[PDB]
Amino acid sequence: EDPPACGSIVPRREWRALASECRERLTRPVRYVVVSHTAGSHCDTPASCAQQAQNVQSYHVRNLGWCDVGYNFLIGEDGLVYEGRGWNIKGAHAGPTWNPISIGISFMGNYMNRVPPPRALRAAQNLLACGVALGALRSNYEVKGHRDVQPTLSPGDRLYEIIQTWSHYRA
C-alpha cells in the first residue's frame, strides 16, 4: 500500500526550468482535465524533449511575462512527462473559467495532421491514473479538449480524435 503508487515524471530541475513564481493553488481533488498541444515542433529523445520544455516556459515567462510555464504537465514523444506547474498550482492554459478548476496537460508538438506516438499516449493516460491514485483528480474526472473550451484548434485534429474515445472524455 505504497502512499505514492504512480508515475515517472521528469522534474523541473531536471529539464532545467526556471524557478516558478506562481502562488495560486487548485483545490484537490480536481474535476477537469484539458488536453492541449503546444502547436510547435515535437521532440523525441529526453535531451530534445527537455530542451522543448525549456523553450515553452521561455515563451510563457520571457515573452508573455507569466509566473511560470502555463501547463500543469507536458507530454513528450520521448514518452516521458515533464512537470509543468503540477497538481497543486493553477495553470494558464484554458482561460479564466477553466484554469482555476482543471489540470492542463499539453503534448509537445502539433497534432493537426500527426498522432502522438503510443508511448506518449500511455505516458498521458498513466499520468491521469496517477492523479486519481494520488487524490489530485476526482475518481470521475472529465477530459476536455482545449477546443472544447477555448476557441482554438488545439490539441489538433488527430489528437482531438483520440482523446474523444478515452474513458473520461466528456464534451
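Here, rigid core means the biggest group of C-alpha atoms that superpose within 1.5 Å across both forms. Start at 1 with the first residue shown and count on from there.
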* To do: Could you tell me which of the two stretches, 3 to 11 or 160 to 168, has its Cα atoms lying farther from the shown structure in 8 other deposited structures of this protein after fitting on the rigid core?
  => 3 to 11
* Looking only at CA atoms, which has the higher mean B factor in the entry: 38 to 46 or 134 to 142? -> 38 to 46
* To do: Averaging the C-alpha B factors as listed in the entry, name the stretch that ends up higher: 29 to 37 or 112 to 120.
  => 112 to 120
* Structure fact -> Per the deposited B-factor column, the C-alpha that peaks among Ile105, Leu64, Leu127, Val69 belongs to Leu64
* Structure fact -> Chain-relative C-alpha B factor for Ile9 (record values, thirds): the middle
* Would you mind checking where the Cα B-factor of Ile163 ranks among the modelled residues of its chain, as the lowest, middle or highest third? => middle
* To do: Would you mind ranking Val149 by its C-alpha B-factor against the rest of the chain and naming the third, lowest, middle or highest?
  => lowest
